[PDB]
Amino acid sequence: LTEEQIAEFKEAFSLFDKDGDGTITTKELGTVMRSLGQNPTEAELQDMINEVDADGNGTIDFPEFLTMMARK
Amino acid sequence: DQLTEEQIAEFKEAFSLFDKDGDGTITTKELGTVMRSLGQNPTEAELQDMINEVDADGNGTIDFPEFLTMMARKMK
Ligand SMILES: [Mn+2]
Ligand SMILES: [Mn+2]
Ligand SMILES: [Mn+2]
Ligand SMILES: [Mn+2]
Ligand SMILES: [Mn+2]
Ligand SMILES: [Mn+2]
Ligand SMILES: [Zn+2]
Ligand SMILES: [Zn+2]
Ligand SMILES: [Zn+2]
Ligand SMILES: [Zn+2]
């Protein structure tokens with residue numbers, strides 16, 4: 001929501017994009033969220049995942065991550 | 001099956017295609033590209049696993065011995 005939050009989301013997302021392609025895997029998402037000091041359950045995570053991952057390929061880009069976080 | 005000289009030579013050649021400063025290290029961000037340069041096409045899940053295996057210290061950089069032994073394990 002704020003510029004602070006956006007920059008922090010961006011840094012965490014990038015920190016865990018291990019293959020450096022601008023996306024993170026669904027597995028990396030839980031870690032990214034814990035790195036932001038949040039604690040989603042698997043149930044929470046998986047719906048989030050199902051919502052962001054439109055093309056259903058197991059990865060999500062930053063715009064998708066960002067808007068998911070905004071809705072929460 | 002123990003590695004052949006041809007296999008080791010090709011893994012080395014591919015690794016070193018992406019070590020332009022010639023210090024024997026590449027980044028994990030390049031591992032996928034190395035694999036594709038060998039004609040392979042690891043899925044997002046396979047590459048996640050390989051990156052985990054080869055960068056055990058997580059500093060984001062990989063050397064040839066660690067890359068090679070990963071390939072030997074992965075061998076068909
Ligand atoms: Mn990625
Ligand atoms: Mn996707
Ligand atoms: Mn390079
Ligand atoms: Mn270097
Ligand atoms: Mn190097
Ligand atoms: Mn390393
Ligand atoms: Zn939902
Ligand atoms: Zn997208
Ligand atoms: Zn990826
Ligand atoms: Zn080493």
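Numbers restart at 1 for each chain; the letters A, B, ... are given by sequence-line order, proteins then strands. Every heavy atom of this structure was used, including side-chain atoms; hydrogens, water molecules and symmetry mates were not.
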Between [X] and [Y], is there shared hydrophobic-cluster membership here, with clusters defined by ILVMFWY side-chain heavy atoms closer than 4.5 Å?
X     : Y     : value
B/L17 : B/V54 : yes
A/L1  : A/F9  : no
A/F16 : B/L47 : no

Got A/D19 and B/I51 here, is their nearest side-chain heavy-atom distance under 4.5 Å? yes

Identify which part of B/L31 has an atom lying under 4.5 Å from any heavy atom of chain A, answering side chain, backbone, both or neither.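 Neither; nothing under 4.5 Å.
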
By side chain to side chain donor-acceptor pair (under 3.5 Å), which residues pair with B/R73, not counting sequence neighbours?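 With neighbours one apart ignored, the set is B/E53.
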
For A/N57, which atoms come within 4.5 Å of any heavy atom of chain B: side chain, backbone, both, or neither?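 It is neither, since no heavy atom gets under 4.5 Å.
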
Check: A/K18 side chain, B/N52 main-chain N or O, donor-acceptor pair, under 3.5 Å: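 Checked: no pair found.
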
Decide whether A/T59 and B/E44 meet the rule of one side-chain donor and one side-chain acceptor closer than 3.5 Å.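 There is no such pair (donor and acceptor under 3.5 Å, judged by atom type) between the side chains of A/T59 and B/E44.
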
Within a reach of under 6.0 Å around CG of B/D23, are more than 12 heavy atoms found that belong to other residues, nucleotides or ligands? yes

